[PDB]
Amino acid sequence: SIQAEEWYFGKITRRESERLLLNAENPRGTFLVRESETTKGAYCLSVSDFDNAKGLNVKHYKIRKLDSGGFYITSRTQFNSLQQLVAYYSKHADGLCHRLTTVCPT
């Protein structure tokens, strides 16, 4: 169950995710998964990033879950669970701003 995952923050808003992620102590890739504010059954992967152009900033990625079972950000790259998706993106940056590193502090 994802509700049991420590990186699953459930029902928190995009602004709240940004307040949490915009902590100067967070290295690139700090993250959390939350419910989408707009899409029933969809999730959002909120990730911290940092560069010399934007400084500390946050990106939000939509994660889809098909009735058919798969979870994905891009339909070309799917997973059997949200957990496997997180594990994969903790090792490959692919199209994300940074690979996922550690769970966001409260």
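Position 1 is the first residue in the sequence shown; the rest follow in order. Rigid core here is just the name for the largest C-alpha set that superposes within 1.5 Å across the two forms.
In terms of root mean square C-alpha deviation after superposing on the rigid core in 7 other deposited structures of this protein, the stretch standing farther out between 56 to 64 and 22 to 30 is 22 to 30.
Stretches 29 to 37 and 48 to 56 differ in mean C-alpha B factor, with the higher average recorded for 48 to 56. 39 to 47 and 68 to 76 differ in mean CA B-factor, and the higher of the two is recorded for 68 to 76. Of the residues listed, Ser17, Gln84, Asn23, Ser90, the entry assigns the biggest Cα temperature factor to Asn23. Per-chain ranking of the deposited C-alpha B factor places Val103 in the middle third.
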